[PDB]
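What follows is a single chain, given as structure tokens, in the form deposited in one PDB entry.
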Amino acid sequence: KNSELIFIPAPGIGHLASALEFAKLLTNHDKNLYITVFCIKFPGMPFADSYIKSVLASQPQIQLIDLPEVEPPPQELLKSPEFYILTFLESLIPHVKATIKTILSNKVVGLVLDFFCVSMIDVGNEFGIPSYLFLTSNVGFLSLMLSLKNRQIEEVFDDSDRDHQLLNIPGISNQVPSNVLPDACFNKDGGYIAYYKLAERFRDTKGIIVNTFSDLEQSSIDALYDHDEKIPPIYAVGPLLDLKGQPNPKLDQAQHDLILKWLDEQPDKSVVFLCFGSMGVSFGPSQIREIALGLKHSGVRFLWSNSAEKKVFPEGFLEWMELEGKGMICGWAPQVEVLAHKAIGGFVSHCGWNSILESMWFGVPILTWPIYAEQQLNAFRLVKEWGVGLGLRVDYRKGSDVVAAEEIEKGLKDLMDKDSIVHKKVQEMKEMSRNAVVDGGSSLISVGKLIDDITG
């Protein structure tokens, strides 16, 4: 009674980890379920067969297969990250098809695709294999995507003309402003194209699985259904977290120890952790200097993760940290290990989905600073829907003016203020997020139904 699923995730951090965690989650709930993961090399850069294979504790039911590398797109499409990936992935079609045929057996029960790989549904179709969608984001994002059915092909959401006009999208309860919409929605350079080409097929999958939980978004899932029947079942099976923590870019831990030892010396819940995603979107010098001054004036202790050159900081800043020791800067960080630390009391996040889920898992309040993509949307809903985060910005993006130290300092104080409201809902979101994946929890129930539908 063996069943096999083919997993084709997208290259990255917030797209590969949760993918494997999902593989482990499923195989843990069906001894007879085996999974093949097609490891695809993101244009040259690592993050491939080193992490996807390391986390692979030889898990018997999870196999790894490397697809040969390919000539990335014309480095011209970089104008649009979205349109860049969509093209690179579509170029992997011949190989994808090729590889499936080579391992296809009457035991292959379906393909599990990342949102950016949803175009490959036509390959599975050729082999009579149903395809499932794996969204590393939330249901609100799905809705935004599922809401584009009422669009054209040449247009580009508001035609890049956004200001203060509200949009009504089935899925999110609150009216959604234009400024929280992802960058691709306005990217008339292939950005809107990609989101459209991809969202086109959502309703063509056998089921859509989402890295979220019921207590957090059942209301939207029910609204998506209630609003449309052509939509396949949705499976909330999250959170899907890598509580272990990606080893690299840490071959050893010389610095890994520095960060934790430093946090071990701070008063409980006094530190605010700032970190802005894996990509490492480095803010310009001005923004860095302003965030630095903001931090000093605020008086809060802090662990700031960034990739800015030392000379960029305001004069006196670095000395002041290494002397008064109220703060510290570092490059790549053990985010999960950090958020797990008891000294942490606040998080200035870019609002990537995982960062938000990990933060909720540990009951750490968030001061929002979205940057690229659906981050604004996450930020928007975080502050004005689930009330678990304070807003510094929710419409910020690559192009906005610099955020002044004054604003930052204010947000900082509000976020660390113990009597703020944000601290309340947070502990509740922690309970909920954690009761979601225990036996009897809403996500484990979903896993069973998903595995049942997959192998029935």
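Only residues modelled in both forms are compared. All residue numbers are counted from 1 along the displayed sequence. Basically, rigid core = biggest C-alpha set you can superpose within 1.5 Å across the two forms.
Keep in mind that the form deposited in another entry is missing from the display, and what follows is about it.
- Of the candidates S219, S160, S91, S286, the Cα that moves 2 angstroms or more after core superposition between this form and the one not shown belongs to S160 alone.
- Relative to the superposed core, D252 undergoes a Cα shift of 2 Å or more between this form and the one not shown.
- Superposition of the core reveals a Cα shift of less than 2 Å for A405 between this form and the one not shown.
- When two forms of a protein are overlaid on their rigid core, residues whose CA moves 2 Å or more are considered shifted, and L67 is not one of them between this form and the one not shown.
- Look at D161 and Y192: in the other form their Cα atoms move 3 Å or more farther apart than in this form.
- In summary, the C-alpha positions of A308 and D252 converge in the other form, ending up at least 3 angstroms nearer each other than in this conformation.
- After superposition on the rigid core, the segments of 3 or more consecutive residues displaced by 2 Å or more at every C-alpha between this form and the one not shown are found at 44-46, 53-58, 159-163, 249-252.
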